[PDB]
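Following: one structure in C-alpha cells, then a few remarks.
What follows draws every value from the coordinates through simple rules; no lab data is involved. Neighbour counts are summed over all protein chains in view; Cβ atoms, including those assigned to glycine, are modelled from backbone coordinates with ideal geometry.
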C-alpha cells in the first residue's frame, strides 16, 4: 500500500471500495486475516490509481490468489477497465514463493 502519508490523494476513498469488494469477494481471495484483506485492497487501489481506475466495481481473484483483477464497470461491458493487481506488489510477479533453487546437481 502507498499514499497513506499524503491524504489529498484520491486513493483514500477508493480504498474503501477495494476493501469492500474483497470483503464481498470473501474467501475467494484467500484471506487468512483481515490484514490480508486490507493488504490486497491496499495493493488493488494502488495499482488501480496508477493504471487509471476511478473505482473498483468488481474484483476477480486469480487462481492462486496471487493476483486480483480490479474491473471498473462490468465484466460483460465493453467499456470495462481492468487492472491486474499483484497481491504483494513486487516488480515482476506477485512474489509468494518461487522456490526453484536447484543448482546443487
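In this structure, is residue 25 under 20 Å from residue 80 (Cβ atoms) and not in a loop (DSSP other than H, G, I, E, B)? Walk me through how you get there before you give the answer.
Numbers: under 20 Å from residue 80 (Cβ atoms): yes; not in a loop (DSSP other than H, G, I, E, B): yes.
So residue 25 fits the description; yes.
Taking the conditions exactly as written (over 13 Å from residue 68 (Cα atoms), free of Cβ contacts under 8 Å to residues at least 40 places away in the same chain and not in a loop (DSSP other than H, G, I, E, B)), does residue 19 satisfy them or not? Break it down stepwise before answering.
Details: over 13 Å from residue 68 (Cα atoms): no; free of Cβ contacts under 8 Å to residues at least 40 places away in the same chain: yes; not in a loop (DSSP other than H, G, I, E, B): yes.
Criteria not met by residue 19.
Restricting attention to segment 1-16, which residues are part of a loop (DSSP other than H, G, I, E, B) and within 12 Å of the chain's Cα centre (by Cα)?
Within segment 1-16, just 1 meets the criteria.
Out of everything in segment 81-93 that is outside any loop (DSSP other than H, G, I, E, B) and touching a helix residue (DSSP H, G or I) at 6+ places or on another chain (Cβ under 8 Å), what residue ends up being surrounded by the fewest Cβ atoms within 10 Å (Cβ to Cβ)? It would help to see each step written out before you state the result.
First pass over segment 81-93, keeping only residues outside any loop (DSSP other than H, G, I, E, B): 81-86.
Subsequent filtering for residues that are touching a helix residue (DSSP H, G or I) at 6+ places or on another chain (Cβ under 8 Å) retains 81, 83-86.
Working: 81: 16, 83: 19, 84: 13, 85: 28, 86: 20.
Only one residue tops the list, namely 84.
Looking only at segment 58-80, decide whether some residue is assigned to a loop (DSSP other than H, G, I, E, B), in contact with a strand residue (DSSP E or B) (Cβ under 6 Å, 6 or more places away or on another chain), surrounded by 16 or more Cβ atoms within 10 Å (Cβ to Cβ) and in contact (Cβ under 8 Å) with a residue 40 or more places away in the chain.
Taking segment 58-80 as the starting set, the residues that turn out to be assigned to a loop (DSSP other than H, G, I, E, B) are 62-66, 73-80.
Then drop every residue that is not in contact with a strand residue (DSSP E or B) (Cβ under 6 Å, 6 or more places away or on another chain), which leaves 80.
Pick out the ones that are also surrounded by 16 or more Cβ atoms within 10 Å (Cβ to Cβ) and you get none.
No, there is no match, as no residue in segment 58-80 is assigned to a loop (DSSP other than H, G, I, E, B), in contact with a strand residue (DSSP E or B) (Cβ under 6 Å, 6 or more places away or on another chain), surrounded by 16 or more Cβ atoms within 10 Å (Cβ to Cβ) and in contact (Cβ under 8 Å) with a residue 40 or more places away in the chain.
Could you check how many residues of segment 33-57 are in contact (Cβ under 8 Å) with a residue 12 or more places away in the chain and either touching a strand residue (DSSP E or B) at 6+ places or on another chain (Cβ under 7 Å) or in a loop (DSSP other than H, G, I, E, B) (or both)? So that I can check it myself, show each step before the final result.
Of segment 33-57, the ones in contact (Cβ under 8 Å) with a residue 12 or more places away in the chain are 37-49, 51-57.
From the residues that got through so far, the ones that are either touching a strand residue (DSSP E or B) at 6+ places or on another chain (Cβ under 7 Å) or in a loop (DSSP other than H, G, I, E, B) (or both) too are 40, 43-44, 47-48, 51-57.
Of the residues in segment 33-57, 12 are in contact (Cβ under 8 Å) with a residue 12 or more places away in the chain and either touching a strand residue (DSSP E or B) at 6+ places or on another chain (Cβ under 7 Å) or in a loop (DSSP other than H, G, I, E, B) (or both).
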